[PDB]
Amino acid sequence: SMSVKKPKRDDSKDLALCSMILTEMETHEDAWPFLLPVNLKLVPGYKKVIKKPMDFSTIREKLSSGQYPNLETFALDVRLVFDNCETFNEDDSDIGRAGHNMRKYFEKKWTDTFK
């Protein structure tokens, strides 16, 4: 509260560490469904159904231009990528399995880096 603060957690390396994680996600072999924005002209249903599209290129640009105020907003966009994927894709499809795999990969790096 006012004039009463928890000890200051060092957050000076967060930007660098989120970039590293994002690099690891970008280079994973199962990243291909997620590298670029879904083409809303070419994929029926996507525009109407997925209220907040997100992809790795868009996260990389936001990261690079100071549009994440803290590491929680970064994790929210990453998770949005996989939540969108589960909304639109069957679990037993290549893309559906890609998304589960990538979410697992991310969540481990996130825990190991920050928790």
# chains A, B, ... in the order shown; residues from 1 in each chain; ligands from 1

$ residues_around --residues "range 89-97 of chain A" --least-positions-apart "4" --cutoff "12 Å" --atoms "only C-alpha atoms" --output "PyMOL selection string"
chain A and resi 30-34+45-46+49-50+81-85+101-104

$ select_by_dssp --residues "range 34-111 of chain A" --states "helix (DSSP H, G or I)" --output "ChimeraX atom specification"
/A:34,46-49,56-64,71-88,94-111

$ closest_atom_pairs --of "range 20-67 of chain A" --to "range 4-15 of chain A" --cutoff "9 Å" --atoms "only C-alpha atoms" --output "Markdown table"
| residue | atom | partner | partner_atom | distance |
| --- | --- | --- | --- | --- |
| A:20 | CA | A:15 | CA | 8.7 |
| A:63 | CA | A:15 | CA | 7.7 |
| A:64 | CA | A:15 | CA | 9.0 |

$ write_last_selection --atoms "N, CA and C atoms" --output "CSV table (one decimal), in the first residue's frame"
chain,number,residue,atom,x,y,z
A,20,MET,N,15.1,-14.5,-25.6
A,20,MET,CA,15.7,-15.8,-25.7
A,20,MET,C,14.7,-16.9,-25.8
A,63,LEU,N,7.5,-7.1,-28.7
A,63,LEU,CA,8.7,-7.2,-27.8
A,63,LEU,C,9.8,-6.2,-28.1
A,64,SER,N,10.2,-6.2,-29.4
A,64,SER,CA,11.2,-5.3,-29.9
A,64,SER,C,10.8,-3.8,-29.9

$ atom_distance --atom1 "CA of residue 112 in chain A" --atom2 "CA of residue 88 in chain A"
29.3 Å
